[PDB]
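In: opening with a subset of the complex:
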Amino acid sequence: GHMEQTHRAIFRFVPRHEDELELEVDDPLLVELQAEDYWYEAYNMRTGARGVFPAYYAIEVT
């Protein structure tokens, strides 16, 4: 499927919680949902995993 990258990780995020998505710096992300509590629900296009992470760990591609 076409997966349009929306965001890029800028900080390493190591989950402590089951629902979280692990991030490495520069990971390309497809952010599915920017939730009102400043968590993003995303697909990590490097790892193929899905989960949530703190919004400010990723920035928009454009």
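Out: Right, received. Where do you want to start? Numbering: from 1, shown residues only, chains lettered A, B, ... in the order given.
In: residues in contact with stretch A:12-31?
Out: By CB atoms under 8 Å, 6 or more residues apart in numbering, the residues outside stretch A:12-31 that reach it are A:3-11, A:40-47, A:49-54, A:57-58. (C-beta placed from N, C-alpha, C; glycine too.)
In: out of those residues, which end up buried?
Out: A:6-9, A:40, A:42-45, A:51-53, A:57-58 (16 or more other CB atoms under 10 Å).
In: picking up where we left off before, which ones among the contacts of stretch A:12-31 map onto strands?
Out: Among those, the members found in strands (DSSP state E) are A:7-9, A:40-44, A:50-54, A:58.
In: let me have the residues you listed in CSV, adding distance to residue A:29 as columns.
Out: Shown next, in CSV, are those (distance: CB to CB, whole Å):
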residue, distance to residue A:29
A:7, 4
A:8, 7
A:9, 6
A:40, 8
A:41, 10
A:42, 5
A:43, 7
A:44, 6
A:50, 10
A:51, 11
A:52, 11
A:53, 8
A:54, 12
A:58, 5
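In: let's add chain B too:
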Amino acid sequence: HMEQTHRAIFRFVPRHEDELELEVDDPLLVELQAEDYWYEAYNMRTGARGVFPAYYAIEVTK
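Out: Once chain B is put in with the chains from before, the structure reads:
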């Protein structure tokens, strides 16, 4: 020396019970800089304790 070590730079709304809520500019006393890039802190504004993603705070050169 119950003195400020960090300042929050991003809003963090917990999804998980161990987490510390942050508002931008919150002064923090970070007790543990964990190896997994989570910090355990006292929020010197709210009086709450908990963990947050390390890059949501900056050191204060105090």
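In: re-run the earlier check on the contacts of stretch A:12-31 with chain B in the model.
Out: A:3-11, A:40-47, A:49-54, A:57-58, B:15-16, B:18, B:36-38, B:51, B:53 (CB atoms under 8 Å, 6 or more residues apart in numbering or on different chains).
In: one more time with 6 Å
Out: A:3, A:5-7, A:9, A:40, A:42-46, A:49, A:51-53, A:57-58, B:16, B:36-38 (CB atoms under 6 Å, 6 or more residues apart in numbering or on different chains).
In: you'd agree residue A:52 is up against residue A:39?
Out: Yes: the criterion here is CB atoms under 6 Å, and residue A:52 meets it with residue A:39 at 4.7 Å.
In: how much space between residue A:11 and residue B:33?
Out: According to CB to CB, to the nearest Å, residue A:11 stands 14 Å off from residue B:33.
In: whoops, residue A:41 was the one
Out: 28 Å.
In: for residue A:29, helix, strand, or coil?
Out: strand (DSSP: H, G, I helix; E, B strand; the rest coil).
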